[PDB]
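A short worksheet on the structure shown next.
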Amino acid sequence: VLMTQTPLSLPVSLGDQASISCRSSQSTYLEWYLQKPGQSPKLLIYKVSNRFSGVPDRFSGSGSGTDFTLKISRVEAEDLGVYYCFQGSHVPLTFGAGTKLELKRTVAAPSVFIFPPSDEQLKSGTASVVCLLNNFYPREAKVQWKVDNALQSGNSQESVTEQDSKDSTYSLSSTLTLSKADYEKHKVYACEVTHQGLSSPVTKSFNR
Amino acid sequence: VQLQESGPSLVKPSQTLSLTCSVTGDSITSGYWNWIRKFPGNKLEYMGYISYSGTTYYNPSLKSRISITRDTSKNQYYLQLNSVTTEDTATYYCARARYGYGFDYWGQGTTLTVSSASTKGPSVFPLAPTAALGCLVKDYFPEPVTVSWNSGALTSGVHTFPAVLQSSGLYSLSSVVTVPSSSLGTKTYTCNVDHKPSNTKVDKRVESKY
Ligand SMILES: C[C@]12CC[C@H](O)C[C@@]1(O)CC[C@@H]1[C@@H]2CC[C@]2(C)[C@@H](c3ccc(=O)oc3)C[C@H]3O[C@]132
């Protein structure tokens, strides 16, 4: 009934083996699907271990009781996308959460930039402050807004690009939204960034 | 075998969602005919089916609000989802299942947004401090907006971010470009924003101190 996939993000190098685990919460119609960017999900494996038509032999499914595994033996770029296990033996029919296969590269620290609200925006009673984290790896990054050294929360939103096809990096924007009244209440605006490529956290800031 | 979803791209909170799957190359009086949705974040939810005989199955999570019907004379089947919230925002897929195998043929999917907001064009604000510049494309509805730089002459170093749905119910995104810091004092940078749904087109010079 519950289907647990591990991991949810799976880095791999092209030509290496990738393995995706799927555990069912009880005890055979177990399938694997792939959704590549810009297309619908596609059936890879049926009845635990059987390859569907048109599916390359580098894809194989296996599994004991409750433990199921999809192996991709020599990953190609066309294999990048989101993989899902699925059980259709018992109602309700359930998918696992999905494992995104992405490309390994060396750790790359973000270049961090802060952008104050424009004068054009301030005249309409809203203030948006934007922190850019540029061209980093891995995807995992923490951004913290500080306003006069007071840690902010609930009032920022993050957006992240898909992995870059040329350099395998990510980029991330974080936007702190305030009213113009609350923007003018404080002076120092800073975003503090924590990431594997930074030996300690980087802070970028300005004065209103 | 081809499946194709149709229906509105948008509905308001509490209203009914009603979608259609048109099937060709096969008869819906054979096999299993399913509805599946993908949330933002790439979680998939199996919703239910109507079978070859007309018998249905519904996921208990949706059982109160869901109805799957068909018209064999048109080779169509239908999804009705009552009382929608902002958490029914998803891509909706119809899919055939072949007994013993799985979901072998899928439609292209249809993006549904749940929102009480009306069509509104964006405000375009400059982001100014290798150096970075950008534009904050703010408070628009619906998606999409397209952004380009220097009339599409500048593509390298550009990152246009996925839109985020704000607590107000309007979209916002940022588009940024990284450039040589030496070129800041000698060159100019304009973002070109297009919002076809509201007929809005805006060009914004991103000027800086240098
Ligand atoms: C076609 C199918 C699709 C999903 C998987 O690929 C397995 C499957 O191919 C075969 C199995 C099939 C499944 C769809 C759901 C089922 C019809 C379900 C069921 C529901 C009501 C009932 O009265 O009896 C059984 C439980 C299991 O028999 C199911």
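Counting convention: from 1, in listed order, for ligands and their atoms alike. The sequence lines fix the lettering, A, B, ..., with proteins before strands; numbering per chain opens at 1.
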- Under 4.0 Å from any heavy atom of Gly102(B), which atoms of ligand 1 are there? 6 (O)
- Query: So which of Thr155(B), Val158(B), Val206(B) actually passes side chain to side chain contact (heavy atoms under 4.5 Å, CB included) with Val177(B)?
  - Reply: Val158(B)
- Message: Salt bridge or not between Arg37(B) and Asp88(B)? Use side-chain N to carboxylate O under 4.0 Å.
- Response: yes
- Kindly state if atom 25 (C) of ligand 1 has a protein heavy atom within a strict 4.0 Å cut-off, that is, under 4.0 Å? no
- Query: Is there a ring pair (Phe, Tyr, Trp, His ring centres under 6.0 Å) between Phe103(B) and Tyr84(A) once you walk through the steps?
  - Reply: CA-CA 12 Å; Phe103(B) 309 120; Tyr84(A) 303 88; over 10 Å; no
- Query: Among protein heavy atoms, which lies nearest atom 6 (O) of ligand 1, and at what distance?
  - Reply: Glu31(A) OE2, 2.5 Å
- Protein heavy atom under 4.0 angstrom of atom 9 (O) of ligand 1, is there one? yes
- Just let me know how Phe86(A) lines up against ligand 1, side chain, backbone, both or neither, with a heavy-atom cut-off below 4.0 Å. side chain
- Query: Is there a heavy atom of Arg98(B) sitting under 4.0 angstrom from any atom of ligand 1?
  - Reply: yes
- Return the residue, atom name and 0.1 Å-rounded distance of the protein heavy atom closest to atom 28 (O) of ligand 1. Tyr99(B) OH, 3.9 Å
- Message: Looking at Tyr77(B) and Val23(B), would you say the former's side chain and the latter's main chain have a donor-acceptor pair under 3.5 Å?
- Response: no
- Under a 4.0 Å N-O cut-off, is there an ion pair linking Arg65(B) with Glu87(B)? no
- Query: If you count the non-hydrogen atoms of other residues, nucleotides and ligands that lie under 6.0 Å from CD in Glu162(A), is the total more than 12?
  - Reply: no
- Message: Can you confirm, on distance only, whether ligand 1 has an N/O atom lying under 3.5 Å from any N/O atom belonging to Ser89(A)?
- Response: no
- Item | From CA spacing to verdict: ring pair (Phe, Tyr, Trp, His ring centres under 6.0 Å), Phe59(A), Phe52(A) | CA-CA 10 Å; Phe59(A) 294 93; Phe52(A) 195 61; over 10 Å; no
- Note on the structure: among protein heavy atoms, the one nearest atom 29 (C) of ligand 1 is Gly88(A) O, 3.9 Å
- Query: Any non-hydrogen protein atom below 4.0 Å of atom 2 (C) of ligand 1?
  - Reply: no
- Task: Assess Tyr49(B) for proximity to ligand 1: is some non-hydrogen atom of it under 4.0 Å away?
- Result: yes
- Item | Any donor-acceptor pair under 3.5 Å from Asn34(B) side chain to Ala95(B) backbone | yes
- Mind checking whether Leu93(A) has an N or O less than 3.5 Å away from an N or O of ligand 1? no
- Item | Protein heavy atom at shortest distance from atom 18 (C) of ligand 1 | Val91(A) CG1, 4.0 Å
- Evaluate the criterion salt bridge (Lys or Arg N to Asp or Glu O under 4.0 Å) for residue pair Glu78(A) and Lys42(A); output intermediate values, then yes/no. CA-CA 13 Å; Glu78(A) 73 190 56; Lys42(A) 211 163 179 55; over 6 Å; no
- Any N or O of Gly100(B) closer than 3.5 Å to N or O of ligand 1: yes
